[PDB]
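Beneath this line is the structure, given in structure tokens, with notes to follow.
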Amino acid sequence: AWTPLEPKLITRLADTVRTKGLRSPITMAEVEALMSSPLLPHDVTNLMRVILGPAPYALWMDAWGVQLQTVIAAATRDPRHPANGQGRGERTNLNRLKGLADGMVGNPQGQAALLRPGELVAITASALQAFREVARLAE
Amino acid sequence: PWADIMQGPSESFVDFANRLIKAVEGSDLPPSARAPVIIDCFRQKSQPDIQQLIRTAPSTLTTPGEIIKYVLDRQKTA
Amino acid sequence: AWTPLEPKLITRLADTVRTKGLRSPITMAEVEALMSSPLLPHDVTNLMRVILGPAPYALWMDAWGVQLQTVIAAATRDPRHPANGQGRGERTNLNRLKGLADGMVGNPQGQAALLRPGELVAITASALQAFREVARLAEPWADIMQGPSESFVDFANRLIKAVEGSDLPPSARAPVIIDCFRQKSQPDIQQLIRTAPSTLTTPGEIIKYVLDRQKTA
Amino acid sequence: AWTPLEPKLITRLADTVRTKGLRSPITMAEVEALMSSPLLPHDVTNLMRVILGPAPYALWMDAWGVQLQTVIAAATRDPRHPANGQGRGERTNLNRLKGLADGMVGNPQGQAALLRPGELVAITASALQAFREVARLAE
Amino acid sequence: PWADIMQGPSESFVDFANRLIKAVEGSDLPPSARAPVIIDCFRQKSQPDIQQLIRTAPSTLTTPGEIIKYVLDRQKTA
Amino acid sequence: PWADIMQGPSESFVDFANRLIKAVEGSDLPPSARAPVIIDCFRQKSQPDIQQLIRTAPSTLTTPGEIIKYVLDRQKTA
Amino acid sequence: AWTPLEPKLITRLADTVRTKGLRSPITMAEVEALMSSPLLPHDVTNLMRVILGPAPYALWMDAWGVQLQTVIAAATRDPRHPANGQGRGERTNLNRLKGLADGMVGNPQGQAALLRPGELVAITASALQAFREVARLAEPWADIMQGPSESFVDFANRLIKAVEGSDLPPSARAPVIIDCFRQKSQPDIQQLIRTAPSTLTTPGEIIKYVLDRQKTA
Amino acid sequence: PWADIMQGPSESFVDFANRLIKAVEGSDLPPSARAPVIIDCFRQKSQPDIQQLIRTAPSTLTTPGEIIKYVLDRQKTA
Amino acid sequence: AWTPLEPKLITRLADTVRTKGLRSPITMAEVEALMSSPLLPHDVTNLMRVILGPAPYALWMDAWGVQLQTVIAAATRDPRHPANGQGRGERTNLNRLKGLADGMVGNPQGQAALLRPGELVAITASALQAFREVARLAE
Amino acid sequence: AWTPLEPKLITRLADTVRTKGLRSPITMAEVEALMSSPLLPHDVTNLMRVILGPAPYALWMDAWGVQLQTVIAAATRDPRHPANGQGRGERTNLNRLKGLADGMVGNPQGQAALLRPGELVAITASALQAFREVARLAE
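Chains as they are written, first to last, in the authors' numbering: chain H, 10 to 148; chain G, 152 to 229; chain B, 10 to 148, 152 to 229; chain C, 10 to 148; chain A, 152 to 229; chain D, 152 to 229; chain E, 10 to 148, 152 to 229; chain I, 152 to 229; chain J, 10 to 148; chain F, 10 to 148.
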């Protein structure tokens, strides 16, 4: 069952990003805090939509896609990925990682249903690395 | 008005990009026409130093995020 | 039977030579067009009398004579010329080529009667080469600068024209055009070419790059 | 048997390009008109030599070469090209497309002899696309 | 009138030759007297730079076309 | 002092590079810290024309010699 | 046995490079002189460390590495390199060329022991070519005009210098020098060259003609 | 004295040649040294207009008579 | 037997050439008068030495040689020259025309002995034409 | 075996030419000194490249070529040239004199191998005469 993040925590994090900036160690610590439980693509996408401005959000979408593509290359380079399965029918496509696959587009409940925990942690680590890249790039 | 937005002589590029994306997304354009307009406004606004920086891009930039990343990488630190 | 060329085509060709000049590729194409069927000496002579001015016509008469003399030297160097015959009685004299022989002076009908098709095609090729020589002679790359108000495509057109229509070898035109793009073409475009992250090794590539990144104004 | 294009039509087209420019819809319509019958490499080459200036002609040679190379890549990607044949002995090299092959250099009659109709239409479409590219690039 | 034709201080040589040949051939002279007159008018008209250029001709020029070719070759580019 | 070296408005780039490399190598830095410092001083000193010239480098320059070669190639002749 | 180069010769060469520069023909001749016997990587490295400044030395290290890499590519493209051997165990790695291999780092005696004469001559030629590249890089013909008061031999010297010390191919220098003599070289000499009864087809012939018939003033 | 003979600014060339040949043949030179001396005096005397006229001779003149004929042909009528 | 021309007539002709010039019709008439009887090479040579200055004399020697060479070409082109004979042993060399042959150098008596009347008239006409050329050239 | 000239002597000679000029008797004496041993085309070419400026060097190349051509004309006029041999296979071409022949272009060692001593002394005398001509011409 999907539970959304508190809008109070999200508002506090957005104001933190607004006053301290993207690169302060306190901001990265707060992001790591709100990045503790494995989030669904819907959660991370809406979170970055709210806390980041338009241009940093575009940059972050780009960087997240690139990092997810590196993850999928490593996944096709190793059939023992915690997102993959043993047979070929469990291979994870980027539509399933970005939340674009069938039964997931716009629906967080179905998303949480079909996604694997390894998928969730890989998406989360990818999003964190992308946030770091964009923060280092913006300023 | 989005079509009247220029990057000031002293303004940074992230502020200009924020202002432009805000004015373009909060306007009367269809949703499928915002990205091309944002790109073509990055190319024609954004005073001629960044204009030439985007023009001489060995890669083809097909997204506002990619253009922003490229410009932030290769911008003239000043 | 001799049929004259249309005065309408001749008038259009004369106006083409008058506006475009003698050396433009469109003018040479038009001349090649009106030089399609083998012409009698009368036809080519009157054609050059009409389309060319007096001084270019004198130059062209000279050049045509020289080229016909080279042809007659090659003809006496080979008895199998399409203008010649097998016996010595068919050897072709310059009076027969220039239309000065007996039964031909001023009469195009008799001309067409006695002349050979090989004679006609040799005369025609000679006249074409003479026209090319005179055109190259009648009308400096290192003095070409891009004006303060001139666009870049006009400057490139002028420079490539003057470099290709000059005395340089064919293998020295591209490097000269490149190095003239780099040193002429006023300092804004000079710096635009200098700061090229890629290496431009062809005039076309330089033109494309400059047209992409030029300062719209 | 090869028949040349009328120098009257070519002169009119050259003056059209001179007054209206390269990109006007009337100019493109006129080019499409003079691009109706499949032309031999000699014809298109001389046509572009006459109607285009020196620098646009260089650009057009470049673009025509690139488009012909794309065509030859598609041809080696499909043995059923109307320019190709069934056996390997009919594979079409760029020397045959640009008119540089043996028995074709400078001779339009031999050109028309050895060339295929599929070869002619491919060359013609390539030249038209190259003209469009150069026209979009010049202004 | 052919005998009144001079090469102007700023006029090129091909224009002067065209004008002179026109006026000489469209005149009352016999046909066998046009070439010598054209030559001797090239030599005495055609302001003293070209006069000296024709005078110091190592070869003997015996035709208006040859004189025109020689002068066009060795003329002072300006 | 290496951290006080600036490229003068009229100074050429090879003189500035000579002075900077001299002051950096004849200082108290460890040997393994001279190249990164020389690079980052080329990037932040070396007045904004050369700063932007180094910034917009399509290739990544990872050595003082490579930076010097690139700048000498693409420098504004004046 | 390794013998070092004289510090007196090295000091004289360093002062030559300091006063004349890197590109003067006397400097290149002196470098060729001190590049006569095949040098060990230690010798050439210390020589360039002493005679070149810091930034030219960095550039020279880069260029030397690139040229040595081209040499090693040619060596793997031909097993008959005078640095290589017949078997695969004599293949020469860049650590052995740059003096970085085992038993060579910092020791010139061991260097001279293990190195081949072909290795030495290849290293030496590579270093010479790298020096030439850096000299051409460390320090415009189409902008050269003959000043109103300048003599013609000075203008010819300046023009030939700038044309031969440029990026043109070797087969394009003479035509460019001629056509620059004709279009530059203020209109008195322009007309003097134009009205040449003979055809001048060489810069030396043009210079001789102009020096003969020039207006003494 | 032959070595002091110059062509005056207003003197014609045949008078100068007469005077020079007279003074050279009526002097103390050997008979086999008169022609080369007369030629080399035509070339170095005979004020610079005729000097340049003789210098730019497409043919090689190897006799005083040939030089005189050439100069009389191509001289500047004045 | 050789008889020299009167030095009185030669002095009068020299003064005529001195006052009237080389090209006046009276001077040419006087030269034609003193060119009435066929002269030996010695006579014409001394006459031109006396009446002409040094430079016109050099020019006249050149022109006389050229005209005599044309005469000898016409003579080898026709064996019926009044200077020639029927057999090959009477062919006239330029040494015999210019007075340089054996038995003639410096001796006018021997000259008059060996020379033919056709030789004399040819030499005389050649000298007259050469005088005309030099007179037209000098002024 | 080829030995190069000392760059010290060449530097001193270059400075002599720079201060005294090309025509001073001391400069010609110094050139005669450095022209004592028979030099290979490489040596003389590099020497004139170093001591002479660009325009005098062009003039000197011209004059050297002309003098070498006169030498080769005299050589074809006499089969007993110290550069020639007795048979026709030893005839010396200008490519061998200017150092342009096969096995000589750019290589002084091979040059010294194939060249004759008569060839060397002829090249040297030709270069000296050319230097004299250019020195008399420059000033």
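All residues carry an ideal CB built from backbone N, CA and C; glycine is no exception.
Neighbour flag for residue i against chain B, beta carbons, 8 angstroms
i: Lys220 of chain D; result: no
i: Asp111 of chain E; result: no
i: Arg58 of chain C; result: yes
Presumed contact (8 angstroms Cβ cut-off) between residue i and residue j, rounded CB distance
i: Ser197 of chain B; j: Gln158 of chain B; result: 5 angstroms
i: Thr228 of chain A; j: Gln202 of chain E; result: 5 angstroms
i: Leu171 of chain D; j: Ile156 of chain D; result: 5 angstroms
i: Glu128 of chain F; j: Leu106 of chain F; result: 7 angstroms
i: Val80 of chain E; j: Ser163 of chain E; result: Their Cβ separation, rounded to whole angstroms, is 47 angstroms, which puts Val80 of chain E and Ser163 of chain E out of contact at 8 angstroms.
i: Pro47 of chain E; j: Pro126 of chain E; result: 6 angstroms
i: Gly177 of chain D; j: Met70 of chain E; result: The Cβ separation is near 19 angstroms, so there is no contact.
i: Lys173 of chain D; j: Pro65 of chain E; result: About 13 angstroms separates the two Cβ atoms, so there is no contact after all.
Listed by chain order, chain B residues near residue i by CB distance under 7 angstroms
i: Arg225 of chain D; result: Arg206, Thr207
CB contact check: residue i to chain G, cutoff 8 angstroms
i: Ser161 of chain B; result: no
Chain-ordered neighbours of residue i on chain E, where CB pairs are closer than 9 angstroms
i: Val165 of chain D; result: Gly62, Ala64, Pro65, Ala147, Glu148
Nonlocal neighbours in the same chain, by C-beta distance under 7 angstroms from residue i, ignoring five residues either side
i: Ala144 of chain B; result: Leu31, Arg32
i: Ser183 of chain B; result: none
i: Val59 of chain C; result: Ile19, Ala23
i: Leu146 of chain E; result: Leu68
i: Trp73 of chain C; result: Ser135, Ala136, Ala139
Cβ of residue i within 8 angstroms of any chain I Cβ
i: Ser210 of chain A; result: yes
Cβ of residue i within 8 angstroms of any chain D Cβ
i: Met70 of chain E; result: yes
i: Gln203 of chain B; result: yes
C-beta neighbour in chain F for residue i, strict 8 angstroms
i: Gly127 of chain E; result: no
i: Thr12 of chain E; result: no
i: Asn169 of chain E; result: yes
i: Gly94 of chain E; result: no
i: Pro34 of chain E; result: yes
i: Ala42 of chain E; result: yes
Proximal residues of chain E, C-beta to C-beta of residue i below 7 angstroms
i: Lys173 of chain D; result: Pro63
i: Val114 of chain F; result: Correct list: empty, because the minimum Cβ distance to chain E is about 13 angstroms.
Neighbour flag for residue i against chain E, beta carbons, 8 angstroms
i: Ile19 of chain F; result: yes
i: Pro117 of chain F; result: no
i: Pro152 of chain D; result: no
i: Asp191 of chain B; result: yes
i: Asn55 of chain F; result: yes
i: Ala23 of chain F; result: yes
8 angstroms Cβ shell around residue i - same chain, five flanking residues per side excluded
i: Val175 of chain D; result: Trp153, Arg185, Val188, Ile189, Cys192
C-beta neighbour in chain A for residue i, strict 8 angstroms
i: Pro50 of chain B; result: no
i: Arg194 of chain E; result: yes
Within chain C, the residues that residue i reaches when beta carbons sit closer than 9 angstroms
i: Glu176 of chain B; result: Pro63
Chain-ordered neighbours of residue i on chain H, where CB pairs are closer than 9 angstroms
i: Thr214 of chain G; result: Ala67, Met70, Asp71
Contacts of residue i in chain D (Cβ-Cβ under 9 angstroms)
i: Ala229 of chain G; result: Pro199, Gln202, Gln203
Own chain, CB closer than 6 angstroms to residue i, minus 5 neighbours either side, in chain order
i: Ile205 of chain B; result: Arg194
Neighbouring residues, chain C, relative to residue i (Cβ below 7 angstroms)
i: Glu39 of chain B; result: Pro16, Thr20
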